[PDB]
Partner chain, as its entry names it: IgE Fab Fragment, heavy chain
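First, one chain by itself in structure tokens, the form solved without its partner chain.
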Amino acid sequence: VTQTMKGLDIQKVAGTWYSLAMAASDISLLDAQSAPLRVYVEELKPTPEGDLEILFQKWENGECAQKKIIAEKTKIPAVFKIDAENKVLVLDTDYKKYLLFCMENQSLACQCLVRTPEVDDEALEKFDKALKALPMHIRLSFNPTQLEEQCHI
């Protein structure tokens, strides 16, 4: 991934988001509800120190779990670390409407986040252009009804 947001202000991505679409390099990363990168973003909480707390939902052991992770800042404003060593990259955002991001170790999953439970064609067009560059083999998108449900059921 060689697309990062120039001039990202991480404080301005705070608040409510919706995983409108997801894509990944390998089908098994997104195919089942319990697939390991099938994660439904709920909220972004950037720290004063410029780390990024992420609230999301994930299907585990036949139910919709609440999850929290902290993505630690790097010297690049648009790149963050989750290690156990995995990177979060912010590709593009207008803060008000949409945010595109990828998670990578090579394995890769990207999402189109939106602020509201609505299908944003413009945001989906920007997400498809960013994926043109990448070796994706699965792509999912959700309707407004699913966006208001736990784990997009």
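Positions refer to the first chain, counted from 1.
Deposited sequence between residue 105 and residue 106: 4 to 9 residues lack coordinates. Missing coordinates between residue 84 and residue 85 amount to 1 to 3 residues of the deposited sequence. The stretch with the higher mean CA B factor, choosing between 58-66 and 117-125, is 58-66.
In this entry, 41-49 shows the higher mean Cα temperature factor of the pair 87-95 and 41-49. Residue-level temperature factors show residue 20 in the lowest third of its chain, judged at the C-alpha atom. Residue-level temperature factors show residue 4 in the middle third of its chain, judged at the C-alpha atom. When the CA B factors of the chain's modelled residues are split into thirds, the value for residue 28 lands in the middle one. Per the PDB record, residue ranking by Cα B-factor puts residue 134 in the middle third of the chain. Split the chain's modelled residues into thirds by C-alpha temperature factor. Residue 151 is in the middle one.
Below: the form solved in complex with its partner chain, not depicted.
Contact with its partner chain in the entry with it bound, defined as a heavy atom within 4.5 Å, is made by all three of 41, 118 and 147.
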